[PDB]
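Asker:
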Amino acid sequence: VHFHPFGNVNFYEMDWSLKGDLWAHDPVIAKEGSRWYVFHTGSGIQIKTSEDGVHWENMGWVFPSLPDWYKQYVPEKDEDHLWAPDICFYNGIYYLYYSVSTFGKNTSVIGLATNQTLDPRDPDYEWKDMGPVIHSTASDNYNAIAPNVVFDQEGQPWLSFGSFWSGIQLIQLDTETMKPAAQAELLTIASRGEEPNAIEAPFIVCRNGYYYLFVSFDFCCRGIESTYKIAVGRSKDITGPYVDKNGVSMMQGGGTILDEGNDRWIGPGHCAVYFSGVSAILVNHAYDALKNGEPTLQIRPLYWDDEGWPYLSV
Ligand SMILES: OC[C@@H]1O[C@@H](OC[C@@H]2O[C@H](O)[C@H](O)[C@H]2O)[C@H](O)[C@H]1O
Ligand SMILES: [Ca+2]
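According to PDB author numbering, the sequence shown is numbered sequentially starting from 2.
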């Protein structure tokens with residue numbers, strides 16, 4: 002994956018017994034040179050760095066002070082937590098999308114910050130506020146949060162996002178601006194078909210002629226009472242229809258459950274998937290039942306069966 006570079010590493014041979022500062026929620030990962038980076042939800046977007054991808058250390062944040070334009074979209078927001086960042090590398094630039102919102106409401110806006118490098122030691126290191134990408138108002142039937150960028154086989158960048166309301170949305174981005182055209186069509190590609198519609202945090206990857214849509218089912222943010230689950234569906238066309246193993250459309254609650262946790266790791270969710278050579282990893286957070294349900298970073302090797310469906314090992 003050119004936009005999610007990891008080259009020169011086999012995730013399947015590594016020991017993923019994470020150590021260090023592992024508190025995280027809605028994480029994504031990027032690697033530049035010998036340095037690994039984690040971006041996740043928190044004040045001004047929290048960052049963690051690692052030498053091997055296993056031992057993590059907190060490394061500050063993206064926005065020391067929130068851009069004033071946030072108020073034009075979410076005037077009621079009072080605190081400085083920015084949610085569910087997404088990172089990708091294109092044309093020598095790092096594109097970091099994130100969410101500005103308030104819990105339980107859809108008055109939200111997805112923003113974009115860019116940097117020439119992820120290394121704070123480099124003279125070119127500077128997170129630039131490149132403004133809003135797409136937003137939702139109370140009158141909209143969707144929620145503009147939890148972005149994920151994917152470049153299809155033809156090199157066309159697409160932005161997927163969404164949480165509750167109508168569900169998962171999809172829209173084309175322009176390669177130059179990396180923002181959707183003013184007249185771009187917004188497409189709904191997945192929904193539980195229930196009320197409330199508990200589906201969010203989309204992440205799309207392409208593997209062997211298929212596009213896989215990973216999403217999170219049910220409830221996050223409730224500590225050991227979270228009911229988060231990771232589900233997946235696929236399609237030959239990035240615009241859908243995404244269908245699960247049983248042939249059920251993801252627009253009708255379809256989705257094959259990849260992980261629903263256990264009595265030790267509660268509600269795993271808001272995932273990300275990365276590849277390297279022939280290996281792949283599943284990234285997400287889960288609530289620690291042994292530690293007051295604190296959200297913890299999880300990285301595990303992700304395999305793919307003969308049918309091409311992903312699965313976690315035992
Ligand atoms: O990330 C989860 C969080 O709650 C989601 O909405 C929850 C409720 O369902 C209905 O949509 C009600 O209007 C909400 O209160 C939000 O999308 C998100 O902030
Ligand atoms: Ca995400």
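We treat Cβ as the ideally placed atom computed from N, Cα and C, and that holds for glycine.
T108 to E77, Cα distance in whole Å?
Answerer: As a first step, residue 108 is located in the sequence shown; it is residue number 107 there, counting from the start. As a first step, residue 77 is located in the sequence shown; it is residue number 76 there, counting from the start. About 9 Å.
Asker: Helix, strand or coil: which one does DSSP assign to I225?
Answerer: To locate residue 225, count along the sequence shown from 1; it is residue 224. DSSP places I225 in helix when its eight states are reduced to three.
Asker: Following a CB-centred definition, is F165 positioned closer than 7 Å to any heavy atom of ligand 2?
Answerer: Position 164 of the sequence shown holds residue 165. It does not: the Cβ of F165 is nowhere closer than 7 Å to a heavy atom of ligand 2.
Asker: Is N263 near ligand 1 - that is, is its Cβ less than 7 Å away from at least one heavy atom of it?
Answerer: Here residue 263 refers to the residue found at position 262 of the sequence shown. No, the Cβ of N263 stays beyond 7 Å of every heavy atom of ligand 1.
Asker: Within the same chain, show all residues whose beta-carbon is closer than 6 Å to that of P311, passing over the 5 residues directly before and after it, in chain order.
Answerer: Here residue 311 corresponds to residue number 310 of the sequence shown, with the count starting at 1. Around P311: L303 and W305.
Asker: Could you please give me the residues that DSSP links to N285 through a beta bridge?
Answerer: Numbered from its first residue, the sequence shown carries residue 285 at position 284. Paired residue(s): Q299.
Asker: Excluding sequence positions up to five away, which residues of its chain have a Cβ less than 8 Å from the Cβ of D27?
Answerer: For the purposes of this step, residue 27 is taken as residue 26 along the sequence shown, with counting starting at 1. Correct list, in chain order: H41, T42, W84, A85, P86, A147, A202, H271 and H286.
Asker: Is there at least one non-hydrogen atom of ligand 2 closer than 7 Å to the beta-carbon of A290?
Answerer: By 1-based counting over the sequence shown, the position of residue 290 is 289. No, ligand 2 has no heavy atom inside 7 Å of this Cβ.
Asker: Which first and last residues belong to the alpha helix (DSSP H) in which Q73 is found?
Answerer: For the purposes of this step, residue 73 is taken as the residue at position 72 of the sequence shown. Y71 to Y74 is the span of the alpha helix (DSSP H), which, as asked, contains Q73.
Asker: My output table needs one value for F165: the three-state DSSP class, helix, strand or coil.
Answerer: Looking up residue 165 in the sequence shown gives position 164. Looking at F165 - three-state DSSP - the assignment turns out to be coil, as it is neither helix nor strand.
Asker: From this set, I172, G21 and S164, which residue's C-alpha is nearest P158's C-alpha?
Answerer: Your numbering for residue 158 matches position 157 in the sequence shown. Ranking the options by Cα distance to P158, first place goes to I172.
Asker: Given that a residue counts as buried once 16 or more other Cβ atoms are within 10 Å of its Cβ, and exposed if not, what is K106?
Answerer: Indexing the sequence shown from 1 puts residue 106 at position 105. Per the 10 Å Cβ criterion, exposed.
Asker: I want to know whether the segment 256–273 touches the segment 216–233 - three or more CB-CB distances under 8 Å.
Answerer: Yes, the segment 256–273 touches the segment 216–233.
Asker: Report, in whole angstroms, the separation of the C-beta atoms of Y243 and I190, which I expect to be a contact under 8 Å.
Answerer: Locating residue 243 in the sequence shown gives position 242, where the first residue counts as 1. Locating residue 190 in the sequence shown gives position 189, where the first residue counts as 1. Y243 to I190, Cβ: 6 Å. Contact.
Asker: What residue range does the beta strand (DSSP E) around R36 cover?
Answerer: As a position in the sequence shown, residue 36 is number 35, starting the count at 1. First-last of the beta strand (DSSP E) with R36: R36 to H41.
Asker: Go ahead and pull the three-state DSSP assignment for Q253.
Answerer: What you label residue 253 is simply residue 252 of the sequence shown in a count that begins at 1. Looking at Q253 - three-state DSSP - the assignment turns out to be helix.
Asker: Buried or exposed: where does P296 fall if 16 or more other Cβ atoms within 10 Å of its Cβ makes it buried?
Answerer: Walking along the sequence shown from the start, residue 296 turns up at place 295. The residue is buried, with at least 16 neighbouring Cβ atoms inside 10 Å.
Asker: Report yes if the C-beta of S102 is less than 7 Å from at least one heavy atom of ligand 1; otherwise report no.
Answerer: For this step, residue 102 is matched to residue 101 along the sequence shown. Correct: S102 has its Cβ closer than 7 Å to ligand 1.
Asker: Using only the alpha-carbon positions, how far apart do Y96 and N11 sit?
Answerer: Position 95 of the sequence shown, counted from the start, is the residue given in the question as residue 96. Position 10 of the sequence shown, counted from the start, is the residue given in the question as residue 11. Near 25 Å, if we compare the C-alpha coordinates of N11 and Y96.
Asker: Taking its Cβ as the centre, do 16 or more other Cβ atoms sit within 10 Å of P65, making it buried, or is it exposed?
Answerer: On the sequence shown, residue 65 is found 64 positions in, with the first residue counted as 1. Burial call: exposed.
Asker: For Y143, does the three-state DSSP call read helix, strand or coil?
Answerer: Sequence index remark: in the sequence shown, residue 143 carries index 142 (1-based). The answer is coil: DSSP assigns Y143 none of H, G, I, E or B.
Asker: DSSP state of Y13, grouped into three classes?
Answerer: On the sequence shown, position 12 is the one that residue 13 refers to. It is helical.
Asker: Given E308, which residues of its chain have a CB within under 7 Å of its CB, disregarding the five upstream and five downstream residues?
Answerer: For this step, residue 308 is matched to residue 307 along the sequence shown. Nothing listed; no residue qualifies.
Asker: At what residues does the beta strand (DSSP E) containing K129 begin and finish?
Answerer: Along the sequence shown, read from residue 1 onward, the residue named residue 129 stands at position 128. Note, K129: beta strand (DSSP E), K129 to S137.
Asker: Could you tell me which whole alpha helix (DSSP H) segments of length 4 or greater appear in the segment 59–129?
Answerer: Runs found: 71–74.
Asker: Given this structure, state the Cα-to-Cα distance separating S250 from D125, to the nearest angstrom.
Answerer: Position 249 of the sequence shown holds residue 250. Position 124 of the sequence shown holds residue 125. Cα to Cα, the separation comes out at about 45 Å.
Asker: Does DSSP classify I205 as helix, strand or coil?
Answerer: Stepping through the sequence shown from its first residue, residue 205 is reached at position 204. If DSSP states are grouped into helix, strand and coil, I205 belongs with the strands.
Asker: Go ahead and label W166 buried or exposed: buried means 16 or more other beta carbons lie within 10 angstroms of its beta carbon, across all protein chains shown.
Answerer: Locating residue 166 in the sequence shown gives position 165, where the first residue counts as 1. Answer is buried; the Cβ neighbour count reaches 16.
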